[PDB]
Structures are given as C-alpha cells and as structure tokens.
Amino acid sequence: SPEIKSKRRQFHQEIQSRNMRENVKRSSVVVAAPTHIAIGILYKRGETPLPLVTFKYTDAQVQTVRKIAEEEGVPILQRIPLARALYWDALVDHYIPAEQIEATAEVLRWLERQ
C-alpha cells in the first residue's frame, strides 16, 4: 500500500548508520537538483543486480555532498526530475523503483562512458 511504502521509506532512512562521506564514497554516481536534492546511486555490474539508492540529502547538505564527491572522485550529475522522483519514491539501501529504471539506466550509460 502507499501507506506501508511510506513507513518503509521513513524507516529505512532512519535505520541507516552511515556518515555523509562514507555514503558518497560508496556511491557510483550522485544525481542532484542543485541546492535542493542529492541522491546517491550504487551500480556495479556486479555485485549489484540492480542500481541501489545509497543516500538522500537536501538543501545545504547538497553543497557538502558536492565537495566530498569532488574529493572522493565520485561524479555528480544534474538530473532534476530523476532526483525528485527518487527522493519521493526510492527506499534507501534498496533497489531503485521500477518507474526510474529508464532514467537511471540513462545516467549509468553515461557513467560507463567515463
């Protein structure tokens, strides 16, 4: 149900016990809405049968994510609709939602070319 999904999102967010640098470092790429949202994505073919959302940070935390990503060599992409969609619907430390498969694959095709 949408209500249970909401409970799961909140819970999996709260149970996470990682600091920001650790979360950025363990990601493959960060998708961001500048000054608003940063979402970490882990995908290793694999390793990971699907991409996983590793973190969500918002507002001023995004600047800090950008800084750490540059330090740790993790690429950050501006992908406003994807970042918003993952923010609303993804569970942290779970595979990406079905609805974001196409958009996430597009990001990861980009990452593969780097």
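Heads up: residue numbers just count along the shown sequence, starting at 1.
Using the B-factors recorded in the PDB entry, average over the C-alpha atoms of 40-48 and of 53-61, then report which stretch comes out higher. According to the PDB entry, the answer is 40-48.
CA B-factor placement of residue 99, once the chain's modelled residues are sorted into thirds: Middle third - that is where residue 99 ends up once the chain's C-alpha B-factors are sorted.
Would you please rank residue 8 by its C-alpha temperature factor against the other modelled residues of its chain and give the third it falls in: lowest, middle or highest? Bottom third by C-alpha B-factor.
How does the C-alpha B factor of residue 15 compare with the rest of the chain: lowest, middle or highest third? Its C-alpha B-factor, which the entry lists for residue 15, ranks in the highest third among residues of this chain.
Taking the values exactly as deposited, rank residue 31 by C-alpha B-factor within its chain and report the matching third: lowest, middle or highest. For residue 31, the deposited C-alpha B-factor lands in the middle third.
Grab the CA temperature factor for residue 77 from the record and place it in the lowest, middle or highest third of its chain. Highest third - that is where residue 77 ends up once the chain's C-alpha B-factors are sorted.
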